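Novice: What follows is a single structure, and I will ask about it in a moment.
Numbers and lists here come from the model and the stated rules, or from a named source; no laboratory instrument gave them. Positions of Cβ are generated from backbone atoms using ideal geometry, with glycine treated the same way; all protein chains shown enter the neighbour counts.
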Amino acid sequence: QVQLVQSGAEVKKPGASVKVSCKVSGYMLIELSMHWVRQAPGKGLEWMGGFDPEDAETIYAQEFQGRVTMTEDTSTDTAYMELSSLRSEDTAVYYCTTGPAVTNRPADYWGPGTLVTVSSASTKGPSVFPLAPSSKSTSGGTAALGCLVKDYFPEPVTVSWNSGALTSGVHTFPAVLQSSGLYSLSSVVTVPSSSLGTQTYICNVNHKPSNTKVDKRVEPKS
Amino acid sequence: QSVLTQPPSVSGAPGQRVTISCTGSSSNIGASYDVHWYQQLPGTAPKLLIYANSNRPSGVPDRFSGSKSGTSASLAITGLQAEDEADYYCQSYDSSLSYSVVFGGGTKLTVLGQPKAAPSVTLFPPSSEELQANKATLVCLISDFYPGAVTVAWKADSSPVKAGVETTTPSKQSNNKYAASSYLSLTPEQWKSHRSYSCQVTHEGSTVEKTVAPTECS
């Protein structure tokens, strides 16, 4: 079918430009109508532009005309959106979307999105601390342990446990914005309490804006 | 704001039928351009729900249907289920200047009558690694509560404390309950100089309090 992968989140300065990529697999790019739709945090969907197969032309939305460029590399099945003269109102998740060009549909498939943050503040990778299991985090046959992902910027951070081999009973919480203007979040996993002496637990933290990954071993409190 | 207009919110009880309208103009829906609908579940990307006014993509249940008449379109959900809590967006095309894709402003759907659920609260003390870095953070994690309103208070020993507390707004989980977290920032000397700290979570008149103490290695 169609699968889409996008470039990673990043912070850009006001007045700068951003270039977001979208790599397509399953269908060749020539068979697809590519579009870009953004969503500012807590707001609705805004179409930026995309391919009109009836005229065979890429058309931009009025509000971005003169600031946006959409291009493609069909040798690599990759589409690109570049947005210039960035401002606060451009902080948003940018989705590539596509529909088969044989249809008029623009968004049968949505990419995973790329969060672009427009700010004068610089990128900061996280400091990761273990949240060790103890008698005060146990619930009989299960126990809670976690990771504290401190003082990063911009969003997002993702967390997995044991490389994704633990999924049931993972909960990664939304981040807090601290007085410093930096974010923190936590992730917890519930595991068997009998296990804790012998099993290895690792939180896998990904901060794409800083090109940082941290695998933090979480050991029982001693 | 939006070129297409939707209600901000709709609600119904499980098993009932609810409708979401989408009104446009003679340059979009009234020009006979198709209307598609997208569902955005809490924490996810939008996904196609209805296409070409009334058709279901593979995988969408037959409880979802759509229609169009004149300048308006409507999404109907029968047999409403708690998993249908989501934001719903209509989409069409508008020829006022050139080709364009236009969206509705979205509708938040609430499923009424969901049972109250008390919070699960876990409180972690500062890690040894963080203390050795001359910092200290208490972490209060609050999950699986319903409805979404929760109050969080902290105590140092028995006395209320506000300095250093930073708390997130409740956020809808994928299971329709809510999560929040609260962080108390202290110096290592403050952490070591009290007998205990507590996080108190109040939800629908009842309170869950967890405590940690620097003299525990538990």
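Novice: Restricted to segment A:7-30, and to residues that are among the hydroxyl-bearing types (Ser, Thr, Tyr) and either more than 15 Å from the chain's Cα centre (by Cα) or outside the structural domain of A:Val93 (by TED's automatic domain parsing) (or both), which residue is nearest to A:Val93 (Cα to Cα)?
Specialist: Result: A:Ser17.
Novice: Checking the condition in a strand (DSSP E or B), of a type outside the set (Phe, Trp, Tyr) and within 13 Å of chain A (Cβ to nearest Cβ), which residue from B:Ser174, B:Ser185 passes?
Specialist: B:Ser185
Novice: Tally time: how many residues in segment B:139-165 are of a type in the set (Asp, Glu) and farther than 15 Å from B:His194 by Cα?
Specialist: 1
Novice: Could you list, in sequence order, the residues of segment B:15-43 that are farther than 24 Å from B:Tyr178 by Cα, out of contact with any helix residue (DSSP H, G or I) (no Cβ under 7 Å at 6 or more places or on another chain) and of a type in the set (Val, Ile, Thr)?
Specialist: Residues satisfying the conditions are B:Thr19, B:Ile20, B:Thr23, B:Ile29.
Novice: Another question, then. Taking segment B:185-218 as the region of interest, how many residues are small (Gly, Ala, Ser) and under 20 Å from A:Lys221 (Cα atoms)?
Specialist: Number of matching residues: 4.
Residue by residue, here is whether (1) touching a residue at least 60 places away in the same chain (Cβ under 8 Å); (2) more than 28 Å from B:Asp84 (Cα to Cα); (3) under 23 Å from the mean Cα position of the chain (by Cα) holds:
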position: B:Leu131; (1), (2), (3): yes, yes, no
position: B:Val139; (1), (2), (3): no, yes, yes
position: B:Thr151; (1), (2), (3): no, no, yes
position: B:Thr168; (1), (2), (3): no, no, yes
position: B:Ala179; (1), (2), (3): no, no, yes
position: B:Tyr183; (1), (2), (3): no, yes, yes
position: B:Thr211; (1), (2), (3): yes, yes, no
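Novice: Now for a different question. I'm trying to understand the selection: among the residues of segment A:19-62, which are within 23 Å of B:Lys108 (Cα to Cα) and either surrounded by fewer than 17 Cβ atoms within 10 Å (Cβ to Cβ) or not hydrophobic (A, V, I, L, M, F, W, C) (or both)?
Specialist: A:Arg38, A:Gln39, A:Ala40, A:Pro41, A:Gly42, A:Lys43, A:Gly44, A:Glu46
Novice: If you don't mind, there's one more thing I want to ask. Is one or more of the residues making up segment B:67-81 β-branched (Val, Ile, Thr) and within 14 Å of chain A (Cβ to nearest Cβ)?
Specialist: Scanning segment B:67-81 turns up no residue that is β-branched (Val, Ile, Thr) and within 14 Å of chain A (Cβ to nearest Cβ).
Novice: From the set of residues in segment B:188-207 that are away from every other protein chain (no Cβ under 13 Å) and part of a strand (DSSP E or B), which is nearest to the chain's Cα centre (by Cα)?
Specialist: So the residue we want is B:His203.
Novice: Still on this structure, I have one more. Among the residues in segment B:115-128, are any within 13 Å of chain A (Cβ to nearest Cβ), exposed (fewer than 15 other Cβ atoms within 10 Å of the Cβ) and outside any helix (DSSP H, G or I)?
Specialist: No, there is no match, as no residue in segment B:115-128 is within 13 Å of chain A (Cβ to nearest Cβ), exposed (fewer than 15 other Cβ atoms within 10 Å of the Cβ) and outside any helix (DSSP H, G or I).
Novice: Among the residues that make up segment A:85-93, is at least one of them away from every other protein chain (no Cβ under 14 Å), more than 28 Å from B:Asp34 (Cβ to Cβ), out of contact with any helix residue (DSSP H, G or I) (no Cβ under 7 Å at 6 or more places or on another chain) and of a type in the set (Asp, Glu)?
Specialist: yes
Novice: Regarding segment B:134-146, can at least one residue be identified that is surrounded by 19 or more Cβ atoms within 10 Å (Cβ to Cβ), within 10 Å of another protein chain (Cβ to nearest Cβ) and outside any strand (DSSP E or B)?
Specialist: yes
Novice: Which of the strands (runs of 3 or more DSSP E) found entirely inside segment A:57-164 contain at least 2 residues meeting this: in contact with a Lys or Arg (Cβ under 7 Å, 6 or more places away or on another chain) and of a type in the set (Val, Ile, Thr)?
Specialist: It comes to A:114-118.
Novice: Now, a different point. Take the residues in segment A:95-143 that are among the aliphatic types (A, V, I, L, M) and at the interface with another protein chain (Cβ under 8 Å from one of its Cβ atoms); name whichever of them is nearest to A:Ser193 (Cα to Cα).
Specialist: Looking at the filtered set, the residue picked out is A:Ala132.
Novice: Further, regarding this structure: Going by the conditions given, is A:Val157 over 16 Å from B:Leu123 (Cα atoms), hydrophobic (A, V, I, L, M, F, W, C) and either touching a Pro at 6+ places or on another chain (Cβ under 8 Å) or outside the structural domain of A:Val176 (by TED's automatic domain parsing) (or both)?
Specialist: yes
Novice: Any chance segment A:129-149 includes a residue that's closer than 22 Å to B:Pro42 by Cα, touching a helix residue (DSSP H, G or I) at 6+ places or on another chain (Cβ under 6 Å) and outside the structural domain of A:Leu32 (by TED's automatic domain parsing)?
Specialist: no
Novice: I would also like to ask the following. Answer yes if at least one residue in segment A:77-86 is surrounded by 23 or more Cβ atoms within 10 Å (Cβ to Cβ), of a type in the set (S, T, N, Q), within 19 Å of the chain's Cα centre (by Cα) and outside the structural domain of A:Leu145 (by TED's automatic domain parsing), and no otherwise.
Specialist: No, every residue in segment A:77-86 fails to be surrounded by 23 or more Cβ atoms within 10 Å (Cβ to Cβ), of a type in the set (S, T, N, Q), within 19 Å of the chain's Cα centre (by Cα) and outside the structural domain of A:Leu145 (by TED's automatic domain parsing).
Novice: Can you list the strands (runs of 3 or more DSSP E) lying wholly within segment B:1-98 that have 2 or more residues being touching a residue at least 12 places away in the same chain (Cβ under 8 Å) and over 21 Å from A:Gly44 (Cβ atoms)?
Specialist: B:64-69
Novice: Taking the residues in segment B:29-63 that are small (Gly, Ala, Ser), within 11 Å of another protein chain (Cβ to nearest Cβ) and over 26 Å from B:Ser95 (Cα atoms) as candidates, determine which candidate is surrounded by the fewest Cβ atoms within 10 Å (Cβ to Cβ).
Specialist: Restricting to residues being small (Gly, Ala, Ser), within 11 Å of another protein chain (Cβ to nearest Cβ) and over 26 Å from B:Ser95 (Cα atoms), the top hit is B:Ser58.
Novice: Can you name the residue in segment A:171-198 that is crowded, with 17+ Cβ neighbours inside 10 Å and among the β-branched types (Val, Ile, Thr) and, of all such residues, is farthest from the other protein chains (Cβ to nearest Cβ)?
Specialist: It comes out as A:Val191.
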